[PDB]
C-alpha cells in the first residue's frame, strides 16, 4: 500500500482543513481549523448555509451590531466544527481570536464562550480542543482552562522555552510547527535546500517529542505546518500529525512502506523546577526565528479574524 496508510501505523493522522470533503476522503481521527482556514472555508459555496445560519443566530442573540459581529464569527467557526464532528470521531480544534493572544483573562473568557457554543449545540468537552497561541499569556490561560475541564491545543510553538512551558502547564495537546520554521530558515540563511532529517522544523519537533517522553509528560505532541511529505515522514511516530489535504493526497499517492522515526525507549527522567516567566522570556528571545514567527503568526491570524468580521459585518 501507500505512505499514508503506512504512516497511520505509527501516528494518528489529523486533517488540517475546514473542508468536510477531506474528512470524508481521509476519515481522520481529529481535525484542526484556524482563523485563516475558517476564512477560506467561508468561501466554499456549499458553506453559504453555515454563514447565513451564523448570521441569523447572531441577529437573534442581540440587536447590537458589534456584538452580532462577534456572535456571528464565533458561531460560524463553531458551525464549521459541528459539520466536521459529524464526520470525525475525535477532536475538533477551534482557535480563539488571535487578537487576545497576550491577554490571559480575555483568552480564558473566549475559550469558555466557544465551549459554551459547542455545549449548547450538544457537544461535550471531550470532543473539542480550544486552540490558542503559546505566548506566556496563552500558556497560563491554558493551564487554568485545563483545570476547569477545557482541553486546549497550544499552537504557534517555535522555541524550546515554549515547549517546556506548555508541558509544565499540563496542556492537553501542543501543535509545534515544522513548515514555518523551514520558511524562516530559507528566508534568513543561505541554505534553501534541506534533507528531511536536517529540516530545522523536523529537528524542533523531534527534540520536543524526545523531551516530552523522556520526562513523562502526557501532553499530546501533534506536529503541524508542513511544506513537503519528507517532513511528515521524518516525524512518523509523532503522537499525532495534522496535515493539509494537499499533502494527505501526496501521501496517499506515494507507494511504499515507511519506518517509524520518532520513539522513546528509555527511563523517565526527573523534571526540573518550572520555568519562570522571566526565564521563559529570556530563552524564547534567544531564538530569533521563534521571536519573529510567534509574533508574525499571531498578527496573521488576527488579520484573518478582522477579514472574517468584515465579511460578517457586510451581511448584517
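Numbering follows the first chain given and starts at 1.
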Would you tell me which stretch averages the higher CA B-factor in the PDB entry, 13-21 or 303-311?
303-311
Give the stretch, out of 65-73 and 287-295, with the larger mean C-alpha temperature factor in the deposited entry.
65-73
Highest CA B factor of 101, 188, 94, 159, as deposited, is found at 188
When you compare the CA B-factors of 60, 29, 278, 33 as listed in the entry, which one comes out on top?
60
Lowest, middle or highest third: where is residue 200 by Cα B-factor in its chain?
middle
Would you mind ranking residue 164 by its C-alpha B-factor against the rest of the chain and naming the third, lowest, middle or highest?
lowest
Per the entry's values, where does residue 148 land by CA temperature factor relative to the rest of its chain, in the lowest, middle or highest third?
highest
Could you tell me which third, lowest, middle or highest, the C-alpha B-factor of residue 240 occupies within its chain?
lowest
Going by the CA temperature factor in the PDB record, which third of the chain does residue 213 belong to: lowest, middle or highest?
middle
